[PDB]
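Take a look at the structure set out below.
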Amino acid sequence: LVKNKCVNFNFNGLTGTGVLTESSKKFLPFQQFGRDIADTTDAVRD
Amino acid sequence: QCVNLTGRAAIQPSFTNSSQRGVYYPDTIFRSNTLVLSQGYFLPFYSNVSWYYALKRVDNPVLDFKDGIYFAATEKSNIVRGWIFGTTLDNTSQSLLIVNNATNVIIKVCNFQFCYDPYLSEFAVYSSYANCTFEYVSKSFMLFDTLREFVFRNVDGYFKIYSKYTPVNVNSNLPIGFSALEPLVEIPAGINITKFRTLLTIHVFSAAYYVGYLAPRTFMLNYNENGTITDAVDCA
Amino acid sequence: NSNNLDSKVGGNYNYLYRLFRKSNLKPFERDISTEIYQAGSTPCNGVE
Ligand SMILES: *[C@@H]1O[C@H](CO)[C@@H](O[C@@H]2O[C@H](CO)[C@@H](O)[C@H](O)[C@H]2NC(C)=O)[C@H](O)[C@H]1NC(C)=O
Ligand SMILES: *[C@@H]1O[C@H](CO)[C@@H](O[C@@H]2O[C@H](CO)[C@@H](O)[C@H](O)[C@H]2NC(C)=O)[C@H](O)[C@H]1NC(C)=O
Ligand SMILES: *[C@@H]1O[C@H](CO)[C@@H](O)[C@H](O)[C@H]1NC(C)=O
Ligand SMILES: *[C@@H]1O[C@H](CO)[C@@H](O)[C@H](O)[C@H]1NC(C)=O
Ligand SMILES: *[C@@H]1O[C@H](CO)[C@@H](O)[C@H](O)[C@H]1NC(C)=O
Ligand SMILES: *[C@@H]1O[C@H](CO)[C@@H](O)[C@H](O)[C@H]1NC(C)=O
Ligand SMILES: *[C@@H]1O[C@H](CO)[C@@H](O)[C@H](O)[C@H]1NC(C)=O
Ligand SMILES: *[C@@H]1O[C@H](CO)[C@@H](O)[C@H](O)[C@H]1NC(C)=O
């Protein structure tokens, strides 16, 4: 996991380009992805 | 073996309403600080609900599973144990049985010859069964009063169950408030369901159960910072 | 294709299908009943 750089992440079949930082969000057991106001993914369980 | 409980009072339903009860999560996505508008099948706000008592009177009548059922149970002694869903409720068609014993739940999709009056005690429900397509064993759904709420929906070959459990006060009446049920199970059954009966243990210890019907409506739902539903509006 | 495994010289008659039904099936729904379909009036009562 190359961190803090512009990369292609491909997490569990979801691909894209971005930067990864730790989060304090808590997910229910049936959730893995999270979407914000613009509906794009922001939080991913690793 | 089957026996007929002679000596009960005739079943008579009372009536109340489901004020802001029965709203379930429609998606498996984490949203926070957002308000969303949704379409679907929901239990209308302030809707008429039927009331049944299990106190020498046992209420186990055949009801009509139209589009989805909201089933609430107020109980301190766990009298209510399970359900049966089907159409003919004979051995000519396939039925779904959900029964909770002390430790686990048992789900079965077979051809059952249900008795004229099903009740637990032994297991005096069906004379015999055959051609079991599906079998499941999990953990008890039902592991002073305690309110247990369920939503049973039958969509696209899948039986979907959403549940919630809260300890309430001795006022057995369906509390006025807001509830947000959470997904529980999806059973691949692939059957036709138009009727259902409730399974009641008899020793009779007090219990009460309320039934409501889902209708097609639009709802406005609210999410908080932590990602849980906290308020909703019935547009119609 | 499975004409090597599912065909017998005398004939294979162990595969079945439903020919008559009162109404169309819904998605991912199954029907294994074996009642007697009633083409017209005058109910059958299993006479076939
Ligand atoms: C449902 O169950 C019955 C009984 O278990 C099945 O009928 C048996 O089928 C086998 C195999 O064809 C025969 O050898 C037996 O003689 C049958 N018994 C009787 C009493 O008819 C029936 O085939 C099953 N149906 C399905 C769809 O699986
Ligand atoms: C699910 O079961 C019901 C009841 O058996 C079926 O409704 C019947 O449909 C036929 C076909 O038009 C009618 O002649 C009957 O009068 C209906 N029964 C009742 C009680 O109204 C229904 O078709 C089944 N669903 C599917 C998808 O087959
Ligand atoms: C219960 O009563 C019905 C008639 O109402 C009867 O057909 C059935 O056999 C009875 N059950 C018994 C005797 O176990
Ligand atoms: C719903 O029932 C409560 C009592 O539990 C009552 O006060 C209220 O007016 C009822 N609402 C409607 C719309 O009938
Ligand atoms: C609920 O329906 C029953 C039967 O139709 C009726 O008697 C009762 O008044 C209804 N309840 C309300 C609050 O309208
Ligand atoms: C199915 O039900 C009929 C009554 O409708 C009964 O006579 C028959 O024995 C039952 N079959 C089995 C296998 O229990
Ligand atoms: C209850 O159901 C479970 C199924 O997991 C079974 O193993 C057990 O013997 C049953 N009875 C009791 C008393 O737990
Ligand atoms: C979210 O949960 C925390 C505890 O983990 C709690 O302190 C906070 O009040 C909750 N958020 C809201 C809006 O209640």
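Labeling convention for the structure tokens: chains A, B, ... as they appear, residues from 1 per chain, ligands from 1 in order of appearance.
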Near-ligand residues for ligand 6, threshold 7 Å, only C-alpha atoms and all ligand atoms, as a VMD selection string: chain B and resid 90 to 92 113 128 to 130
Proximity check chain A to chain B, 9 Å, nearest pairs one decimal Å, only C-alpha atoms, as a tab-separated table:
residue	atom	partner	partner_atom	distance
A:25	CA	B:226	CA	7.7
A:26	CA	B:226	CA	7.5
A:27	CA	B:30	CA	7.2
A:28	CA	B:30	CA	8.4
A:30	CA	B:28	CA	6.6
A:31	CA	B:28	CA	5.6
A:32	CA	B:29	CA	7.4
A:33	CA	B:29	CA	6.1
A:34	CA	B:30	CA	4.4
A:35	CA	B:31	CA	6.0
A:36	CA	B:31	CA	6.6
A:37	CA	B:34	CA	7.2
A:43	CA	B:30	CA	8.7
Neighbourhood of ligand 1 at 8 Å, counting only C-alpha atoms and all ligand atoms, reported as a ChimeraX atom specification: /B:130-131 /C:32-33
Please produce a file of the residues just selected, as a JSON list (two decimals), in the first residue's frame, where the atoms kept are N, CA, C and O atoms.
[["chain", "number", "residue", "atom", "x", "y", "z"],
["B", 130, "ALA", "N", -42.57, -33.51, 3.62],
["B", 130, "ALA", "CA", -41.78, -34.17, 2.59],
["B", 130, "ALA", "C", -41.25, -33.13, 1.61],
["B", 130, "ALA", "O", -41.71, -31.99, 1.57],
["B", 131, "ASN", "N", -40.27, -33.56, 0.81],
["B", 131, "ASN", "CA", -39.66, -32.75, -0.26],
["B", 131, "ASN", "C", -39.10, -31.42, 0.24],
["B", 131, "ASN", "O", -39.50, -30.35, -0.20],
["C", 32, "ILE", "N", -43.59, -27.13, -8.00],
["C", 32, "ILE", "CA", -43.37, -28.57, -8.08],
["C", 32, "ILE", "C", -44.66, -29.36, -7.81],
["C", 32, "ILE", "O", -44.60, -30.55, -7.55],
["C", 33, "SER", "N", -45.81, -28.70, -7.88],
["C", 33, "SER", "CA", -47.07, -29.40, -7.64],
["C", 33, "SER", "C", -47.43, -30.28, -8.83],
["C", 33, "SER", "O", -46.91, -30.13, -9.94]]
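Around region 16-24 of chain A, within 10 Å and counting only C-alpha atoms, the residues found are residues 1, 2, 3, 4, 5, 6, 7, 8, 9, 10, 42, 43, 44 and 45 of chain A, once anything fewer than 6 positions away on its own chain is removed.
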For the residues in that selection, give me N, CA and C atoms as a CSV table (one decimal), in the first residue's frame.
chain,number,residue,atom,x,y,z
A,1,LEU,N,0.8,-1.2,0.0
A,1,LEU,CA,0.0,0.0,0.0
A,1,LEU,C,0.9,1.3,0.0
A,2,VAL,N,1.3,1.7,-1.2
A,2,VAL,CA,2.0,3.0,-1.3
A,2,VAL,C,1.0,4.1,-0.9
A,3,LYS,N,1.4,4.8,0.2
A,3,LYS,CA,0.6,5.8,0.8
A,3,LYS,C,1.0,7.2,0.4
A,4,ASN,N,0.1,8.2,0.5
A,4,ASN,CA,0.3,9.6,0.3
A,4,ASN,C,1.0,9.9,-1.0
A,5,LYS,N,0.3,9.6,-2.1
A,5,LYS,CA,0.8,9.8,-3.4
A,5,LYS,C,-0.4,9.6,-4.4
A,6,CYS,N,-0.3,10.0,-5.6
A,6,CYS,CA,-1.3,9.9,-6.6
A,6,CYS,C,-1.1,8.6,-7.3
A,7,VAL,N,-2.0,7.6,-6.9
A,7,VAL,CA,-1.9,6.2,-7.4
A,7,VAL,C,-3.3,5.7,-7.8
A,8,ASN,N,-3.3,4.5,-8.4
A,8,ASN,CA,-4.5,3.8,-8.8
A,8,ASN,C,-4.7,2.7,-7.7
A,9,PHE,N,-5.8,2.7,-7.0
A,9,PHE,CA,-5.9,1.9,-5.8
A,9,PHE,C,-6.6,0.5,-6.0
A,10,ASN,N,-7.6,0.4,-6.8
A,10,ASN,CA,-8.2,-0.9,-7.1
A,10,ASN,C,-8.5,-1.8,-5.8
A,42,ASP,N,-15.9,7.7,-0.6
A,42,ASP,CA,-14.9,8.4,0.2
A,42,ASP,C,-14.2,7.5,1.3
A,43,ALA,N,-15.0,6.5,1.8
A,43,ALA,CA,-14.5,5.6,2.8
A,43,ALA,C,-14.6,4.2,2.4
A,44,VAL,N,-13.4,3.5,2.5
A,44,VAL,CA,-13.3,2.1,2.1
A,44,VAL,C,-12.7,1.3,3.2
A,45,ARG,N,-13.4,0.2,3.6
A,45,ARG,CA,-12.8,-0.8,4.6
A,45,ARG,C,-11.6,-1.5,3.9
Residues of chain B that have any atom at most 7 Å from an atom of ligand 3: could you tabulate them with the shortest-distance atom pair and the distance in Å to one decimal, using only C-alpha atoms and all ligand atoms, ordered by chain and increasing number, as a Markdown table?
| residue | atom | partner | partner_atom_place_in_ligand_line | distance |
| --- | --- | --- | --- | --- |
| B:2 | CA | ligand 3 | 14 (O) | 4.5 |
| B:3 | CA | ligand 3 | 14 (O) | 3.9 |
| B:4 | CA | ligand 3 | 1 (C) | 4.9 |
| B:116 | CA | ligand 3 | 1 (C) | 5.8 |
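Here atom 3 (C, counted along the ligand's line) of ligand 7 is placed at a distance of 20.1 Å from CA of residue 186 (chain B).
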Could you build a table of the residues in chain B lying no more than 8 Å from ligand 2, giving for each the nearest pair of atoms and their separation in Å rounded to one decimal place, using only C-alpha atoms and all ligand atoms, ordered by chain and ascending residue number, as JSON lines?
{"residue": "B:87", "atom": "CA", "partner": "ligand 2", "partner_atom_place_in_ligand_line": "2 (O)", "distance": 6.2}
{"residue": "B:88", "atom": "CA", "partner": "ligand 2", "partner_atom_place_in_ligand_line": "5 (O)", "distance": 7.1}
{"residue": "B:192", "atom": "CA", "partner": "ligand 2", "partner_atom_place_in_ligand_line": "1 (C)", "distance": 5.0}
{"residue": "B:193", "atom": "CA", "partner": "ligand 2", "partner_atom_place_in_ligand_line": "1 (C)", "distance": 6.7}
{"residue": "B:194", "atom": "CA", "partner": "ligand 2", "partner_atom_place_in_ligand_line": "2 (O)", "distance": 6.5}
File dump, residues just selected, N, CA and C atoms, as a compact mmCIF listing (two decimals), in the first residue's frame:
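New file out-v8.txt:
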# COMPACT_ATOMS: atom_id res chain seq x y z
N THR B 87 -49.71 -20.70 0.89
CA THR B 87 -50.98 -20.36 0.24
C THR B 87 -52.09 -21.32 0.65
N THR B 88 -52.06 -22.57 0.18
CA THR B 88 -53.07 -23.54 0.58
C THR B 88 -52.91 -23.98 2.03
N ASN B 192 -44.80 -18.98 -3.40
CA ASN B 192 -45.91 -18.04 -3.48
C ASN B 192 -46.55 -17.97 -2.10
N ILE B 193 -46.61 -16.77 -1.53
CA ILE B 193 -47.07 -16.55 -0.16
C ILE B 193 -48.25 -15.59 -0.16
N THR B 194 -49.41 -16.08 0.28
CA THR B 194 -50.59 -15.23 0.44
C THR B 194 -51.25 -15.31 1.81
Secondary structure check, strand (DSSP E or B) residues of chain A, as number ranges by chain: A: 7-8, 11, 14, 17-18, 33-35, 41-44
What would the file look like if the residues just selected were written as an mmCIF file, in the first residue's frame with N, CA and C atoms?
data_model
loop_
_atom_site.group_PDB
_atom_site.id
_atom_site.type_symbol
_atom_site.label_atom_id
_atom_site.label_comp_id
_atom_site.auth_asym_id
_atom_site.auth_seq_id
_atom_site.Cartn_x
_atom_site.Cartn_y
_atom_site.Cartn_z
ATOM 1 N N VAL A 7 -2.012 7.605 -6.937
ATOM 2 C CA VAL A 7 -1.932 6.230 -7.414
ATOM 3 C C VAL A 7 -3.311 5.740 -7.841
ATOM 4 N N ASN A 8 -3.317 4.525 -8.392
ATOM 5 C CA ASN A 8 -4.510 3.774 -8.770
ATOM 6 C C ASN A 8 -4.718 2.674 -7.738
ATOM 7 N N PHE A 11 -9.295 -1.204 -4.953
ATOM 8 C CA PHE A 11 -9.712 -1.890 -3.734
ATOM 9 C C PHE A 11 -10.942 -2.754 -3.993
ATOM 10 N N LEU A 14 -12.977 -2.154 -7.015
ATOM 11 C CA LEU A 14 -13.294 -0.749 -7.237
ATOM 12 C C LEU A 14 -12.012 -0.006 -7.568
ATOM 13 N N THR A 17 -8.191 6.677 -8.791
ATOM 14 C CA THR A 17 -6.952 7.375 -8.465
ATOM 15 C C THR A 17 -7.171 8.299 -7.276
ATOM 16 N N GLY A 18 -6.260 8.263 -6.311
ATOM 17 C CA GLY A 18 -6.480 9.047 -5.106
ATOM 18 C C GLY A 18 -5.378 8.902 -4.074
ATOM 19 N N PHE A 33 -18.614 0.301 1.827
ATOM 20 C CA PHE A 33 -18.332 1.532 1.106
ATOM 21 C C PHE A 33 -19.204 2.665 1.634
ATOM 22 N N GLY A 34 -18.704 3.883 1.502
ATOM 23 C CA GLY A 34 -19.440 5.062 1.931
ATOM 24 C C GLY A 34 -19.380 6.156 0.888
ATOM 25 N N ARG A 35 -20.511 6.826 0.689
ATOM 26 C CA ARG A 35 -20.645 7.870 -0.318
ATOM 27 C C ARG A 35 -21.068 9.180 0.332
ATOM 28 N N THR A 41 -17.408 7.764 -3.759
ATOM 29 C CA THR A 41 -16.927 6.997 -2.620
ATOM 30 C C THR A 41 -15.834 7.763 -1.885
ATOM 31 N N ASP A 42 -15.897 7.743 -0.554
ATOM 32 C CA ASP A 42 -14.877 8.423 0.236
ATOM 33 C C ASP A 42 -14.238 7.516 1.284
ATOM 34 N N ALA A 43 -14.978 6.531 1.784
ATOM 35 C CA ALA A 43 -14.503 5.649 2.844
ATOM 36 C C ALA A 43 -14.557 4.209 2.360
ATOM 37 N N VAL A 44 -13.448 3.493 2.521
ATOM 38 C CA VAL A 44 -13.346 2.093 2.121
ATOM 39 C C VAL A 44 -12.720 1.258 3.235
#
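With CA of residue 120 (chain B) on one side and CA of residue 162 (chain B) on the other, the separation reads 24.2 Å.
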Nearby residues (only C-alpha atoms) at most 10 Å from residue 1 (chain B), same-chain spacing under 3 positions excluded, as a compact mmCIF listing (two decimals) with N, CA, C and O atoms, in the first residue's frame:
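Produced file part24.txt, reproduced below:
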# COMPACT_ATOMS: atom_id res chain seq x y z
N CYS B 115 -51.66 -29.08 10.94
CA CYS B 115 -52.86 -29.45 11.67
C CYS B 115 -53.89 -28.32 11.60
O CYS B 115 -53.60 -27.20 11.19
N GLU B 122 -43.75 -30.50 23.34
CA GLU B 122 -43.78 -31.18 22.05
C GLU B 122 -43.90 -30.18 20.91
O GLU B 122 -43.78 -28.97 21.12
N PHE B 123 -44.14 -30.68 19.70
CA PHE B 123 -44.27 -29.83 18.51
C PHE B 123 -45.49 -30.32 17.73
O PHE B 123 -45.37 -31.05 16.74
N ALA B 124 -46.68 -29.92 18.19
CA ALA B 124 -47.95 -30.33 17.57
C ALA B 124 -48.38 -29.35 16.49
O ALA B 124 -49.36 -28.62 16.61
N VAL B 125 -47.62 -29.33 15.38
CA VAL B 125 -47.87 -28.41 14.29
C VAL B 125 -48.22 -29.13 13.00
O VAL B 125 -49.23 -28.82 12.35
N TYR B 126 -47.42 -30.13 12.61
CA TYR B 126 -47.61 -30.82 11.34
C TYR B 126 -47.61 -32.33 11.56
O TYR B 126 -46.80 -32.85 12.32
N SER B 127 -48.56 -33.01 10.91
CA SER B 127 -48.56 -34.47 10.95
C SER B 127 -47.34 -35.05 10.24
O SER B 127 -46.70 -35.97 10.77
N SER B 128 -46.99 -34.54 9.06
CA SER B 128 -45.86 -35.06 8.30
C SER B 128 -45.43 -34.03 7.27
O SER B 128 -46.18 -33.12 6.92
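The space separating CA of residue 107 (chain B) from CA of residue 79 (chain B) comes to 18.5 Å.
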Compile a residue-level contact table for chain B against ligand 5 at a cut-off of 9 Å, reporting for every qualifying residue the shortest atom pair and its distance in Å to one decimal, with only C-alpha atoms and all ligand atoms counted, rows ordered by chain and ascending number, as CSV.
residue,atom,partner,partner_atom_place_in_ligand_line,distance
B:14,CA,ligand 5,3 (C),8.4
B:15,CA,ligand 5,11 (N),5.9
B:16,CA,ligand 5,13 (C),6.1
B:17,CA,ligand 5,13 (C),6.4
B:46,CA,ligand 5,13 (C),8.3
B:47,CA,ligand 5,13 (C),7.5
B:48,CA,ligand 5,1 (C),5.0
B:49,CA,ligand 5,1 (C),6.8
B:50,CA,ligand 5,1 (C),7.5
Residues of chain B within 6 Å of chain C, counting only C-alpha atoms, as a ChimeraX atom specification: /B:156-157,190-191
Go ahead and dump the residues you just picked, N, CA and C atoms, as a PDB file, in the first residue's frame.
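Resulting contents of selection_32.pdb:
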ATOM      1  N   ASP B 156     -38.974 -11.092  -5.420  1.00  0.00           N
ATOM      2  CA  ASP B 156     -38.040 -11.669  -6.395  1.00  0.00           C
ATOM      3  C   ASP B 156     -37.431 -12.985  -5.922  1.00  0.00           C
ATOM      4  N   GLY B 157     -38.260 -13.853  -5.357  1.00  0.00           N
ATOM      5  CA  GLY B 157     -37.773 -15.144  -4.929  1.00  0.00           C
ATOM      6  C   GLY B 157     -37.036 -15.146  -3.612  1.00  0.00           C
ATOM      7  N   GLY B 190     -38.327 -18.902  -3.077  1.00  0.00           N
ATOM      8  CA  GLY B 190     -38.937 -19.093  -4.376  1.00  0.00           C
ATOM      9  C   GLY B 190     -40.324 -19.686  -4.323  1.00  0.00           C
ATOM     10  N   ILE B 191     -41.162 -19.222  -3.398  1.00  0.00           N
ATOM     11  CA  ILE B 191     -42.512 -19.754  -3.269  1.00  0.00           C
ATOM     12  C   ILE B 191     -43.522 -18.623  -3.404  1.00  0.00           C
TER      13      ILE B 191
END
Surrounding residues as JSON, numbers by chain, ligand 7, max 7 Å, only C-alpha atoms and all ligand atoms: {"B": [101, 102, 103, 104, 105, 106, 137, 138]}
Keeping N, CA and C atoms for every residue in the selection just given, could you write it to a file as a PDB file, in the first residue's frame?
ATOM      1  N   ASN B 101     -36.707 -22.175  18.947  1.00  0.00           N
ATOM      2  CA  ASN B 101     -36.647 -22.951  20.173  1.00  0.00           C
ATOM      3  C   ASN B 101     -35.807 -22.170  21.182  1.00  0.00           C
ATOM      4  N   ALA B 102     -35.413 -22.819  22.278  1.00  0.00           N
ATOM      5  CA  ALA B 102     -34.716 -22.105  23.343  1.00  0.00           C
ATOM      6  C   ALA B 102     -33.410 -21.490  22.855  1.00  0.00           C
ATOM      7  N   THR B 103     -32.654 -22.212  22.031  1.00  0.00           N
ATOM      8  CA  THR B 103     -31.332 -21.754  21.624  1.00  0.00           C
ATOM      9  C   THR B 103     -31.286 -21.155  20.221  1.00  0.00           C
ATOM     10  N   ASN B 104     -31.824 -21.848  19.216  1.00  0.00           N
ATOM     11  CA  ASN B 104     -31.662 -21.450  17.822  1.00  0.00           C
ATOM     12  C   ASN B 104     -33.009 -21.312  17.121  1.00  0.00           C
ATOM     13  N   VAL B 105     -32.949 -20.817  15.877  1.00  0.00           N
ATOM     14  CA  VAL B 105     -34.093 -20.737  14.977  1.00  0.00           C
ATOM     15  C   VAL B 105     -33.966 -21.845  13.939  1.00  0.00           C
ATOM     16  N   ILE B 106     -35.105 -22.364  13.483  1.00  0.00           N
ATOM     17  CA  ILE B 106     -35.156 -23.398  12.453  1.00  0.00           C
ATOM     18  C   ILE B 106     -36.098 -22.944  11.348  1.00  0.00           C
ATOM     19  N   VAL B 137     -30.287 -23.233   9.838  1.00  0.00           N
ATOM     20  CA  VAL B 137     -30.128 -23.228  11.291  1.00  0.00           C
ATOM     21  C   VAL B 137     -29.219 -22.063  11.662  1.00  0.00           C
ATOM     22  N   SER B 138     -29.723 -21.153  12.491  1.00  0.00           N
ATOM     23  CA  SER B 138     -29.004 -19.938  12.860  1.00  0.00           C
ATOM     24  C   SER B 138     -29.064 -19.716  14.363  1.00  0.00           C
TER      25      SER B 138
END
